[PDB]
Amino acid sequence: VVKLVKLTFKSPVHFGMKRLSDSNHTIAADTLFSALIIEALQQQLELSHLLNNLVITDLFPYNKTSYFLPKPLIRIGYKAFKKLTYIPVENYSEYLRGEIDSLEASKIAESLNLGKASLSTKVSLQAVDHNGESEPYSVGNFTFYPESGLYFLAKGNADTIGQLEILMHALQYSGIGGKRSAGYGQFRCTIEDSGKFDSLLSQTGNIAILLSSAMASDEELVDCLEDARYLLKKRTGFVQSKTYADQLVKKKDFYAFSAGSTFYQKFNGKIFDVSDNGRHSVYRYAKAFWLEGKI
RNA sequence: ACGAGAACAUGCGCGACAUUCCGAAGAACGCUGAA
């Protein structure tokens, strides 16, 4: 049951990539899954549905004009083609067939208006009272245009879909990304049946494109890599919880194929464990959502 | 179990100092009009 989940952001979001100063306009499926797990644990729900039947996608840019999917890594002005990152759903088939030209790719890049990124310079006055000093730091945020929003597609049974609806409503108050609970990431989310995507997903093409940041199991990896065009993205971070350890602990470093990576042989994903001797297992979504296309 | 959590762009600071609404300037010029 693939359900579109559109997110409208009221306040700017941080979405850090490596540092607090930087910012991204989207987040990986794992970052969303980790937020969904944290929420389910707060609301005292069973994690079996999320860990066994929920399939999600990286949040993708959406505009009133169009919904943007990630640019497939398919061999085809090379600058114009490399600058392009997201292609509207209507132009995805044209891009796959090679019917797109460099000027058309430039127009597609200009078409997206997800938002306007910025850097907010904050200060910490915690040490001023102890003969210390104010400490400047920078938070990179991204402000969506009013029509613009981030959407994700969630697939699963009816039970996990309803659980997702509950977690999503709680999540909007919780927020997403970094510096949430410090002014950022408040969003309001709608869950609906989308005719566009379900029709798009009902295609049996010769190539498979990874909607979500995903990694195959070892046995899956050996068949999948042959003839694959892909971009290994390091997935790293600290553990966010009150019960994992007394102090803040980094997760084990993970590498996942990025969204838009094209694999000839489809691989199902796996919820990996990036924990290192903690009081609970830190789950890292790496399951795979596939858009089959014809090239 | 969201490159995450905690974190006041904050503290101090007179839109202020100097600067004549002055200078020149006769209320007086022609003497006529009507019956």
Side-chain angles (χ1 to χ4, degrees), chain A residues 5 7 9 11-51 54 56-59 118-142 150 152 164 167-168 170-187 189 212-213 233-256 271-286:
Chain A
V5 187
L7 287 72
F9 301 89
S11 54
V13 299
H14 177 253
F15 293 172
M17 313 181 290
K18 223 185 61 172
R19 310 183 188 278
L20 190 64
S21 301
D22 76 18
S23 187
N24 193 12
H25 52 274
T26 50
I27 38 163
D30 46 62
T31 299
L32 163 76
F33 186 82
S34 63
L36 289 171
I37 294 286
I38 288 174
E39 206 59 59
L41 289 156
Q42 288 182 0
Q43 309 308 303
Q44 278 193 316
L45 272 68
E46 187 67 25
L47 267 53
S48 64
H49 295 132
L50 305 174
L51 294 174
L54 176 74
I56 44 187
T57 51
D58 298 0
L59 272 69
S118 34
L119 185 73
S120 189
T121 322
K122 305 167 158 52
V123 81
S124 179
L125 303 167
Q126 288 289 95
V128 182
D129 322 79
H130 320 278
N131 296 321
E133 206 89 38
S134 55
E135 187 206 281
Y137 69 100
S138 296
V139 168
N141 48 89
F142 180 88
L150 295 186
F152 75 89
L164 171 79
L167 297 188
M168 279 316 291
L171 244 188
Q172 295 161 172
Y173 306 114
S174 300
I176 46 175
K179 284 322 177 72
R180 57 163 201 118
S181 96
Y184 292 97
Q186 291 292 302
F187 65 93
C189 85
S212 62
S213 187
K233 182 207 321 179
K234 191 171 180 57
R235 309 298 307 120
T236 47
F238 289 74
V239 176
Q240 173 182 282
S241 58
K242 328 175 196 66
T243 168
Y244 186 76
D246 297 75
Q247 39 153 39
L248 300 164
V249 177
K250 292 185 60 58
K251 314 170 181 182
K252 290 193 313 175
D253 305 2
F254 182 82
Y255 290 84
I271 312 284
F272 290 87
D273 177 51
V274 286
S275 170
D276 161 354
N277 279 309
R279 296 195 281 266
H280 60 78
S281 66
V282 177
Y283 310 100
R284 181 174 281 292
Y285 178 94

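Protein chains get the first letters and strands the later ones, always in sequence-line order, with residue 1 at the start of each.
In this structure, A:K251 and A:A182 both approach RNA chain B, and ranking their closest nucleotides by distance from the 5' end singles out A:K251.
Under the 90° criterion around 0 for the glycosidic angle, B:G13 counts as anti.
Scanning residues 240-250 of chain A for heavy-atom distances under 4.0 Å to RNA chain B yields A:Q240, A:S241, A:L248, A:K250.
When only modelled atom types and interatomic distance are considered, A:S241 and A:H280 share a side-chain donor-acceptor pair under 3.5 Å. Judged purely by distance below 3.5 Å, without hydrogens or angles, the side chains of A:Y244 and A:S275 pair a donor atom with an acceptor atom. Side chains of A:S120 and A:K122: a donor-acceptor N/O pair is present below 3.5 angstrom, by distance only.
With sequence neighbours left out, the salt bridge (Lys or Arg N to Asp or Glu O under 4.0 Å) criterion links A:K234 to A:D253. A search for side-chain contact (heavy atoms from CB on, under 4.5 Å) contacts involving A:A245 returns A:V249, not counting sequence neighbours. Listed by chain and number, the residues in a salt bridge (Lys or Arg N to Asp or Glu O under 4.0 Å) with A:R235 are A:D30 (sequence neighbours excluded).
Sugar pucker of B:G26: south, as indicated by a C1'-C2'-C3'-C4' torsion of negative sign. Nucleotide B:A18 carries a north-puckered sugar, as indicated by a positive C1'-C2'-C3'-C4' torsion. The pentose of B:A16 belongs to the north class of puckers. Its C1'-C2'-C3'-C4' angle has a positive sign. Judged by the sign of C1'-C2'-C3'-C4', B:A25 carries a south-puckered sugar. South is the pucker assigned to the sugar of B:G15, its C1'-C2'-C3'-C4' torsion being negative.
As judged by a 4.0 angstrom heavy-atom cut-off over every strand, A:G278 is placed among residues making no nucleic acid contact. Residue contacts shown for A:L32 are absent, as no nucleic acid heavy atom lies under 4.0 Å away. Here A:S181 lies in heavy-atom contact (under 4.0 Å) with sugar-phosphate atoms only. Residue contacts for A:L171: at a heavy-atom cut-off of 4.0 Å it reaches a base atom on one of the strands shown. In this structure, A:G177 reaches the bases: a heavy-atom distance under 4.0 Å links it to at least one base atom across the strands shown. A:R19 comes within contact range of the sugar-phosphate backbone alone, with a heavy-atom separation under 4.0 Å but no base atom that close.
Side-chain nitrogen and oxygen atoms of A:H14 include at least one within less than 4.0 Å of the OP1 or OP2 phosphate oxygen of B:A4.
Going from the P atom of B:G11 to that of B:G15 covers 15 Å, rounded to whole Å.
Not both conditions hold for B:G13 and B:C14, whose six-membered rings lack centres under 5.5 angstrom apart with planes under 30 degrees, so their bases do not stack.
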- When you check every protein heavy atom under 4.0 Å of nucleotides 8-13 of chain B, what one-letter string (B, S, -) results, 5' to 3'? BBB---
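Judged by the 6.0 Å and 45° rule, A:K179 forms no cation-pi pair with A:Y184.
Of the candidates B:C2, B:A1, B:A7, the closest approach to any side-chain atom of A:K179 belongs to B:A7.
The closest donor-acceptor contact from the side chain of A:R284 to the backbone of A:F272 lies at 3.5 Å or more, if one exists at all.
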Compile the donor-acceptor pairs under 3.5 Å between side chains in residues 15-23 of chain A and protein atoms, sequence neighbours left out, one pair per line.
{"from": "A:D22", "atom 1": "OD1", "to": "A:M17", "atom 2": "N", "distance (Å)": "2.8"}
{"from": "A:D22", "atom 1": "OD2", "to": "A:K18", "atom 2": "N", "distance (Å)": "3.0"}
{"from": "A:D22", "atom 1": "OD2", "to": "A:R19", "atom 2": "N", "distance (Å)": "3.3"}
{"from": "A:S23", "atom 1": "OG", "to": "A:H14", "atom 2": "O", "distance (Å)": "2.3"}
{"from": "A:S23", "atom 1": "OG", "to": "A:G140", "atom 2": "O", "distance (Å)": "3.2"}

